[PDB]
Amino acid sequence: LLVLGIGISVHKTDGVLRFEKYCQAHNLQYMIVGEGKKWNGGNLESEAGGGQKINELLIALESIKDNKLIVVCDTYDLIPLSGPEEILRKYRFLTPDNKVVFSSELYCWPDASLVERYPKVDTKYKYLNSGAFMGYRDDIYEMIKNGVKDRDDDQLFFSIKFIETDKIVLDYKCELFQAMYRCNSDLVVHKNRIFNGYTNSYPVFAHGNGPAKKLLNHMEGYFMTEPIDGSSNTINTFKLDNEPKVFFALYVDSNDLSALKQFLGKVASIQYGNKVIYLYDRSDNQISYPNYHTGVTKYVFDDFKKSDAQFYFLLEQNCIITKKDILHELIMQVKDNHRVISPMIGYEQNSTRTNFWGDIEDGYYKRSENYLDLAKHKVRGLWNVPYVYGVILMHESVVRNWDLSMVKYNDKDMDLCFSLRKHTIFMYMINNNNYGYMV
């Protein structure tokens, strides 16, 4: 068995890094198709496309000469939750005649007229989703061998193949694949898996297709790729052996002189040797802070890019850090798909108002099911969330390679988070300790 995940990008997203980590945890051999190449498959958000996925898959298949079983899948919004033995057993059971199995889903798209051409079935999971499929290398090769246009629609291509041929079967019972979109009430997390209570199955591949990225990101916080080490926090005093260089980017407003002094005093007490400090002041109105810049109304990345710093540590004036070893603690969490980390702090006079959002609806705050549990530390860890504010540690691989300056909301903190979401760079809130408060 080989898993061919489509990851066409010059630099890796957190989606692909997460997919790789889940593949490794489940002993799945995999190739990232299209790694290092520029995406030309279209703006999938506002328009369909994805033909380039087919063309890159075809090139990859030229390296795989034997007729082996292959899974072909999305990577940005998809993870495996089990290993090759379960996959092979399910495949054999689903298709004794070794057909290509595609994911099912709730909706018939992009061509509504196909509704009446699909086989009639006694399930809501009626239609093809082209985001995950499995079959023999030669069968898949035969379907795609003439290539397509980069901007052709791969969803439509495979829908037509299903309807018109006998080469494809759909995974109606969600055994191998789960298209999660609008199936929230079917699904629970149990024993490190998704359980679909509608189908009575444990789907191997969890696909947060469309807006269900939010749901998969949510469930991620409850899954494991390795056991918790319960002793990681037993001493809450963290010290790095060798300190990477951290660029402190302080967003200040000297108009509020007393708030500024108090903030700078706390920042000066963060224990870290290898650093450079820049002050970015909103006011137009300094001996202790040579790198001082005035009239700044946006987040600034160019000074960091020109530096040799390994991390960018964004701190806003209204966030008061009290945990002196916090930078050591945060850096220890930066690995794999965990590259943007924000410690959870609450407002001093009502700690349920924090510096993250658990959910988002049309770009605005929505209360997630576990929001209050995180804010009150009923459960702790790292959580993939749509917005973080005020204290953000970002690895250089993010800041040096991605446009963090995209504009939607005309608000610096909201637009930074929009930028990251758009690039499939994840924001992780961490609430393992008491870090501070907001004013």
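Position 1 is the first residue in the sequence shown; the rest follow in order.
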- Query: What number of deposited residues lacks coordinates in the span between residue 146 and residue 147: none, 1 to 3, 4 to 9, or 10 or more?
  - Reply: none
- Stretch with the greater mean C-alpha B-factor as recorded in the entry, comparing 53 to 61 against 39 to 47: 39 to 47
- Determine, for stretches 129 to 137 and 240 to 248, which one has the higher mean CA B-factor as deposited. 240 to 248
- Hey, out of 193, 324, 207, 282, whose CA B-factor is highest in the deposited coordinates? 282
- Message: Looking at 232, 317, 354, 123, which one carries the largest C-alpha B-factor according to the PDB entry?
- Response: 232
- Sort the modelled residues of this chain by their C-alpha B factor and say whether residue 362 lands in the lowest, middle or highest third. highest
- Ordered by C-alpha B-factor within the chain, which third holds residue 221? Give me lowest, middle or highest, please. middle
- Where the record places residue 69 (Cα B-factor, split into thirds across the chain): middle
- Task: Sort the modelled residues of this chain by their C-alpha B factor and say whether residue 408 lands in the lowest, middle or highest third.
- Result: highest
- Task: Going by the recorded CA B-factors, say which third of the chain residue 92 sits in, lowest, middle or highest.
- Result: highest
